[PDB]
Amino acid sequence: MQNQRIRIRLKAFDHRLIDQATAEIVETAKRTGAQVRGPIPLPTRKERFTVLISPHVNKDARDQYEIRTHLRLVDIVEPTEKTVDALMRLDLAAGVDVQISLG
Amino acid sequence: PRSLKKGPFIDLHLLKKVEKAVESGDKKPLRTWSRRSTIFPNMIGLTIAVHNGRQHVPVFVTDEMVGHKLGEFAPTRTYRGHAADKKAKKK
Amino acid sequence: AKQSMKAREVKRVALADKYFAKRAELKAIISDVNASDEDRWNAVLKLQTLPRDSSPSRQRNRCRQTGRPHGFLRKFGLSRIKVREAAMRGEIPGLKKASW
Amino acid sequence: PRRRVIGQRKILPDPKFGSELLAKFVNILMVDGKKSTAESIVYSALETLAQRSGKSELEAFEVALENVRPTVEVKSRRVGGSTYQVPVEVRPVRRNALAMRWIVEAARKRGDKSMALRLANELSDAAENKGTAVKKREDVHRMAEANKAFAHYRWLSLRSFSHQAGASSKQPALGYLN
Amino acid sequence: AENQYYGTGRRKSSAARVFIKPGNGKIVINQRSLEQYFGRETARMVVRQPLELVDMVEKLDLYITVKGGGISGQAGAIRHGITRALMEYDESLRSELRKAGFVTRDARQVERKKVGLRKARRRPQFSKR
Amino acid sequence: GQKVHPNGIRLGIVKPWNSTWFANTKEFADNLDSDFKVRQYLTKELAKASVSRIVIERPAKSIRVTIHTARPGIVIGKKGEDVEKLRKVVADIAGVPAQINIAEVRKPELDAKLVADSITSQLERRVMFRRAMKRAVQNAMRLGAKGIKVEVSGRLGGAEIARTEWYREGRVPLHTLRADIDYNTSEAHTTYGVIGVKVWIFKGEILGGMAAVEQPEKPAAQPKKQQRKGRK
RNA sequence: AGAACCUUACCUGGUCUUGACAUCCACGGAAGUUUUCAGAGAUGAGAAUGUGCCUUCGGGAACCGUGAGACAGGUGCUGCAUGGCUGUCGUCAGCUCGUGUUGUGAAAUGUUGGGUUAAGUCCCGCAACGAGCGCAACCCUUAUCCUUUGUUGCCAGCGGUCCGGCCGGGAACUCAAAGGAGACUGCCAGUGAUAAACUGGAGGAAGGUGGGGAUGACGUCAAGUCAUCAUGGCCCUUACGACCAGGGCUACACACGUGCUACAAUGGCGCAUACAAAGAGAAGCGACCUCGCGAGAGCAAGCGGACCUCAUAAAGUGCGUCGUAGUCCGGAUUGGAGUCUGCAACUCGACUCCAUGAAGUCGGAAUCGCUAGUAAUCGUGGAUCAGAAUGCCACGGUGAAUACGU
C-alpha cells in the first residue's frame, strides 16, 4: 500500500461541529487529491469540573459541568501537495483546531 | 519516613556570618532567622541566636548538636496543661 | 482581592527566567544520583537560594482575571464561584451542563 | 400516603440447580455485594448435607426453611395516652427471608473452619427443629397470642368504619382510619 | 446465514465474542482451556448450561474471546454469547432462549455519580444543629 | 431565590457559545483571560454606539470579533474609520493582530439588554416609578414577542430596605434547553447605590440556528469512500 | 480542591512610600542577560555582556532606582442600604395573570368536588370563565439492535507459520461516534362513569411515557456572600498597601461532626491464577537505557494519547491452613536503611521496605442515606496538583431487604 506523507487530524469540542467540518476536509481531500479514506471516528475524551452553585456557603447543592473533546483523524492514505496547499490557503477556523503534526 | 535526600548542604546564609565569627574564635549572637537550616562542623563553638517566629533564642553549638536543626532546639507551639479549664467571668 | 497576589504573579516570570534557566538540571547534576563520585561539592549547591522564589513549588498562580485567592483551577485561570459566573453567560468555550 | 401499590424486583433461579428457594437464600447470604462467594458457600453446604443423607442434596435445606419460619410480626399504632401493640401477618416473600436470615445469622458465629460446614451444620440443627431459631419462632408467636387485646387507634377507629359509609367491620383499605 | 455463526453476548458492560461451529463438543476460552481460566469454579457450569439445555454440548465446537467485566460475569456474558449465535437451528430458538432468560441482557443501566451527593443518590449525612 | 441561570444550561445544544476558540488545554486560560480583556476594554470604546451582544473568536495568529448592534451603520462610522480604530486597539490588547465583522441585525426593539438599559435609566434619574414596570411590559408586548418577565431591584424610591417588584405576562418558559430565549441582567447606578433590571423576553420554542448534521458518514462527503480490506 | 517559605486570611522580624502592578511627570540607568561581594533574604553597591526604542538630539517611554500629586491599592465597615447570584423546605405540588359575578369592601370564587396521574395530568362539573408558570416538552447519555467508517481499531475462516494481524490476505467479528432504530396506555383484553389511567397478553435488551440524568413556579425565611465581582454611604493611602524569612490552620486536654479502614473467617496467610472501564499526561509524564531489594531511580528519544505511559486494577479464582485467644483479624506507634520535590524536609511533605508492636471482639444517649445498577462493598482514574487525599469528582468489578399499611 501507499505511504502517508503527512497527518491532518481535527479536534473540536462541539459534537455536531466536528463531523461537519471533517466532511468538508474529506471532500476537499477527494476533489484536490487521489488517495483518501473515510474518517475513522476515534474515541472521545471528557473532562469533569465541580463548583459551588451559590456565591457563598450552601454546601449541599453544587454544580457539575462537562466539556467534551472529539477527535477525528480522516487518515489520507497518500496526501497530494495540492491538499496541503488548499488546507493552508483556506484556513480561518477557531471551532476546530487542525493538528498537521503526525504520530 | 522522611530524609534530606542526596545533596550536600552548608547553607549560603550561615556561611558569611560563620566565616567572620570563626576567625575571632567567638563573637556576638548571630541574628539568624533561617531555622530550616542544619548545623555543620564549621559552626562549632559559635552561638547562633535563633528566630522562633516570636523572638531569637541563643543556641550554643558544640560537637554533640551537629546532628540537628536550629528549629529543633527553638520552640514553636505551646502545650496547654490539663488540670482544669478557665470557667468564669471577672469583675 | 489583594494587589500582593497580582504583584507575585508578575514578579515570578522575570525571575524564573533569570535564576532558573542555568539551574534547570543543576539540582540533579551536582546533588542527586547523577553526582555518583562526581561533584557532591557544597560550594556549587549553595547557589539554590537564588532560585527560591522562582521555584516549581511557587507556581500556585491563583486567578488571572481578578487576582482572587483560594480554590483555584489552572484550566480556566479562575476559581469555583468565578468559573460558574463566566459559564452562566456562556463565556467559556466547550463548557456545557453535564448530564449522563 | 402513596397513590397506588407498587411491586418489587425478582431474583432468578441459580445457575447450578434451577431453584428459587436457593436464589432467595443466596441473596440474604450476600456480604459486601459478594454473591459469587455466597454461591460457592451455598453449593459446598449442599454437598456436605448430601454426605449426611444421599437421598436428596436439598432435603434438610428445604425443611429447615419450613420449620424455623415466622408467620407473624408486631406493629404499633397509638391509642390515646398509650401506644400498645397489634400483631399483623407477614407476606410469604418476607416469611422465607426472615427464616433464611436467621439460619445464616447463627451459621456465621458457629466457629467451624468454613461457612460451607457451618451453614450445612446449622441446617442439620434447624431441620430437626432443635436449633437456635426454634426459640426465635416461638417468642414471635408468644407476642401475637399475648397482645390479641389491642387494635390500631382503637377508640376512634371503631366509630370511623361505620361512619364513612364503610362496613360494620374493620376496613383494610386506604382512607379509612386504621 | 454464515460459515461459522457468531454471537456478541453483551451483558453488564462485558462483551463475549463467541464463534460457534459443528464439531465434537470442544471449548477454547480467551485462547486457553476451560480448566485454566475457570478452574474449580461455578463459572464452568454457567457456560455449559445453554449448551446442555438445547442438547448440543457434545456437538458444538467453539472459539471464545472475551473482554471487560468480572470473571464470574464473563461466563454470564458467554451464556448470551452462545445463545446470540444460535437463532436458526429452529425458528423459535431465540424466543425460547429469551423465555429461559439466557439471551436476556441485564436491562438495569448505570446511574452516574451525582454532584453534591456522596454516591449516585446518597445525599450527605448531617445532624448539624 | 431558586433556579440555575437559564442560558447557562443551553450552551451545549441548539444555542451556540459566547466565545469560540481552541487552545489545547495548557493555553486555554491565557486565551480566556485575553478574550475577557478584549470584551472588558472594547465595550467601553464603542460606548457611543448601541450593542446587544459581543462574540469573540480566536483562529490561529488572529482574533476575530463578531459584534451585534441596534443598526448596521453605528459601529462602522464614517468611511470605515470608526471600526478600523476598534480593530487597531483589539490588536494592541490581544496577543495577536485582529479582524472585525458586523453581524446581521435582528430584533433590536425587543432585545433583552436594550430594554433593561431603558428601565434602569428611569431609576438613575429618581422618577416616582409609579407606572414604569407595566409600561415596560406593555410596549415590549406591543412591539412583538410572545411573553416577557421583568423583575426590578435596587431599594425602590431610595428605601432603607430591599423592596422589589416584578411582572410576567404571556408565556415565559424557564427550564428550556431548546431554542434561544433572550435574558439580560443589567447592573447600573443611581445616587443611593446599585439598581438593576432583569429582562427575560421570549421569541420562540424552535430555533434552527444550530442543529446536528443531516446525514450519516457514508452519504455525506466522498462518493468513493471504500477500503481495500487488508493488504498491509 | 491540595498551608514547611510562598501559598494564605494571620503573627513576628526585616524595608520603602505614587508605592513590591498599570498610567503620568522631574532626574539617572536601556529593560534583558551573565557575575563577585556585603546583608537572612528582601535589598544594595561593583564587575562583565547589550545600547534596542524615540528625539529641536536637551531628554524621556518601556522597565527600574528616586521623589509628589491626581491615582493605583485595600480580607476597610454596613447583607433594615444595596446590585449581581443562589440555598432551605421540595420536584412542595403547588404559584399567578386577564376578566365577570357575589359582598359596602378588605376578598372569595376559579386554585375546591366526583373520576384518574409522577403532576393544578387529564374526563365530568357547580359564577366562575379563559390562560400561563412549575410539572409537561424539546435535551444528552445508555441499552439491545440495524447501520456506515476500518486506524494510533479488528482477525470465524485461508496462506508463510512457533499459528503472533508480524505479513499474502479477510469484514465474519467486537470495536469506536454517529445516522439512528425500539415503546405509543398505541394494539389487543379486563377494569375505570363515556374518560384519563392500572394491570394483563404478544415480540423483544425492555413494555408502563425502556434504564439514567438534565430538570425546582413564587416566596416569607430579615437565609448567605460587600471576600469572585458591582457599589453608594465612607476611612488610611510613609496606610486598613507590599516584598523577603520564619512560624501557623492539620495546635491538644477533650467533647462533638464526618468519611475511610476494622472488629472478621463471606476473611487473612503462604505458594499458583484471571478479565477492566473510562480518562489523564507542553510547572508535566516518558519508550529504550543503565542503576535498584520489591517500589523506585537518574538519563533521554519522545508525546498529544485507540500509538507510549500512569498501570503491577483490585475484590474474586485454585490448594493447604486458622477458631473469638486482640487472633490465624487489625495493623497505628516507634527504631533503621534505600529512594524523591525543594535553600530547607523537626514540629506541618512523599514513596518503598525490615523488625517488634497498642487501640478496637460491631459501640447507652446519639445518628443518616436508600425503591434497584439504587443501597452495600472493592479497586481505578481525574480536577486541584513542587511534594501531601482518608475528601470531592467521574468510571468500571461484585451487588441486597422490601415498599402490606398511613
- Task: Report yes if B:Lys17 is exposed (fewer than 15 other Cβ atoms within 10 Å of the Cβ) and free of Cβ contacts under 8 Å to residues at least 60 places away in the same chain, otherwise no.
- Result: no
- Note on the structure: Exception for D:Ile41 within (1) within 11 Å of RNA strand G (Cβ to nearest atom); (2) in contact with an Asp or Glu (Cβ under 9 Å, 6 or more places away or on another chain); (3) touching a residue at least 24 places away in the same chain (Cβ under 8 Å) falls at (2)
- Task: Please tell me if B:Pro8 is within 14 Å of another protein chain (Cβ to nearest Cβ) and away from RNA strand G (no atom under 11 Å from the Cβ).
- Result: no
- Query: Which of the residues that make up region F:88-105 are within 20 Å of the chain's Cα centre (by Cα) and in a helix (DSSP H, G or I)?
  - Reply: F:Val90
- Please find, within region C:61-76, the residue that is nearest to the other protein chains (Cβ to nearest Cβ) out of those that are on the phi > 0 side of the Ramachandran plot and under 12 Å from the mean Cα position of the chain (by Cα). C:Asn61
- Tally the residues that are more than 6 Å from RNA strand G (Cβ to nearest atom) and over 14 Å from A:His56 (Cα atoms), restricting the search to region C:68-82. 3
- Task: Looking at (1) near RNA strand G (Cβ under 7 Å from one of its atoms); (2) assigned by CATH to the domain that holds F:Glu124, find the lone condition where F:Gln215 falls short.
- Result: (2)
- Examine region F:119-133 for a residue that is near RNA strand G (Cβ under 6 Å from one of its atoms) and loosely packed, with under 14 Cβ neighbours inside 10 Å, and state whether such a residue exists. no
- Wholly within region D:82-178, helices (runs of 4 or more DSSP H) carrying at least 3 residues that are in contact (Cβ under 8 Å) with a residue 40 or more places away in the chain and on the phi < 0 side of the Ramachandran plot: D:92-107, D:115-127, D:132-146
- Message: For the condition more than 13 Å from chain C (Cβ to nearest Cβ) and among the aliphatic types (A, V, I, L, M), what is the one hit in F:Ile63, F:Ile9?
- Response: F:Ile63
- Item | Single residue of C:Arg58, C:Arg52 found to be within 12 Å of chain B (Cβ to nearest Cβ), under 16 Å from the mean Cα position of the chain (by Cα), near RNA strand G (Cβ under 6 Å from one of its atoms) and surrounded by fewer than 16 Cβ atoms within 10 Å (Cβ to Cβ) | C:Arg52
- Note on the structure: Just one listed residue, out of E:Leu86, E:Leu53, E:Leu34, is within 19 Å of E:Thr8 (Cβ to Cβ) and more than 9 Å from RNA strand G (Cβ to nearest atom), and it is E:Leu86
- Go through region E:8-30 residue by residue and tally those that are in a strand (DSSP E or B), surrounded by 18 or more Cβ atoms within 10 Å (Cβ to Cβ) and more than 8 Å from RNA strand G (Cβ to nearest atom). 4
- Message: Show the residue pairs meeting these rules: Cβ distance below 7 Å; 6+ apart or different chains; first residue within region F:14-32 and at the interface with chain C (Cβ under 7 Å from one of its Cβ atoms) and farther than 29 Å from F:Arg178 by Cβ; second residue assigned to a strand (DSSP E or B) and among the polar types (S, T, N, Q).
- Response: none
- Query: Just for region F:209-229: of the residues that are loosely packed, with under 13 Cβ neighbours inside 10 Å and touching a residue at least 24 places away in the same chain (Cβ under 8 Å), which one is farthest from the other protein chains (Cβ to nearest Cβ)?
  - Reply: F:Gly209
- Right, A:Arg68: away from chain E (no Cβ under 14 Å), surrounded by 11 or more Cβ atoms within 10 Å (Cβ to Cβ), part of a strand (DSSP E or B) and near RNA strand G (Cβ under 8 Å from one of its atoms) or not? yes
- Residue pairs qualifying under the 7 Å Cβ cut-off, at least six apart or on distinct chains, with the first in region F:162-179 being away from chain C (no Cβ under 14 Å) and more than 28 Å from F:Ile13 (Cβ to Cβ) and the second being within 6 Å of RNA strand G (Cβ to nearest atom) and not small (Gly, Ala, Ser), are F:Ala162/F:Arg155; F:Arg163/F:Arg155
- Task: Answer yes or no: is there a residue in region C:27-36 that is more than 14 Å from chain B (Cβ to nearest Cβ), in contact with a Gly (Cβ under 6 Å, 6 or more places away or on another chain) and either under 30 Å from A:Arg62 (Cα atoms) or of a type in the set (S, T, N, Q) (or both).
- Result: no
- Item | Sole exception among (1) more than 10 Å from RNA strand G (Cβ to nearest atom); (2) among the aliphatic types (A, V, I, L, M); (3) surrounded by 18 or more Cβ atoms within 10 Å (Cβ to Cβ) for A:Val74, by number | (1)
- Message: Residues that are farther than 27 Å from C:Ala98 by Cβ, near RNA strand G (Cβ under 6 Å from one of its atoms) and at the interface with chain F (Cβ under 8 Å from one of its Cβ atoms): does region A:16-36 have at least one?
- Response: no
- Message: Restricting to region A:44-65, count the residues that are part of a loop (DSSP other than H, G, I, E, B), touching a residue at least 12 places away in the same chain (Cβ under 8 Å) and surrounded by fewer than 16 Cβ atoms within 10 Å (Cβ to Cβ).
- Response: 1
- Give the residues of region D:1-38 that are part of a helix (DSSP H, G or I) and either touching a residue at least 40 places away in the same chain (Cβ under 8 Å) or within 24 Å of D:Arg95 (Cβ to Cβ) (or both), sorted by residue number. D:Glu20, D:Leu21, D:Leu22, D:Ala23, D:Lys24, D:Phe25, D:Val26, D:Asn27, D:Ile28, D:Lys35, D:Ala38
- Task: From the list F:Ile9, F:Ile56, pick out the single residue that is aliphatic (A, V, I, L, M), within 15 Å of RNA strand G (Cβ to nearest atom) and closer than 24 Å to C:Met88 by Cα.
- Result: F:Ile9
- Could you list, in sequence order, all residues of region B:11-47 that are within 12 Å of another protein chain (Cβ to nearest Cβ), more than 9 Å from RNA strand G (Cβ to nearest atom) and assigned to a loop (DSSP other than H, G, I, E, B)? B:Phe40
- Message: Residues to consider are A:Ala21, A:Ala29, A:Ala86; find the one that is crowded, with 19+ Cβ neighbours inside 10 Å and not in a loop (DSSP other than H, G, I, E, B).
- Response: A:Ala29
- Here are some residues: D:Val88, D:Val72. Which one is within 14 Å of RNA strand G (Cβ to nearest atom) and touching a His at 6+ places or on another chain (Cβ under 7 Å)? D:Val72
- Name the one entry in D:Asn129, D:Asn96 that is loosely packed, with under 15 Cβ neighbours inside 10 Å, among the polar types (S, T, N, Q) and in contact with a helix residue (DSSP H, G or I) (Cβ under 7 Å, 6 or more places away or on another chain). D:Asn129
- Does A:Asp63 count as more than 6 Å from RNA strand G (Cβ to nearest atom) and within 14 Å of chain E (Cβ to nearest Cβ)? yes
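All of this is worked out from the model, or read from it or from the source named; no laboratory read-out is quoted. Reconstructed Cβ throughout: ideal geometry from the backbone, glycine too, with neighbour counts over all protein chains shown.
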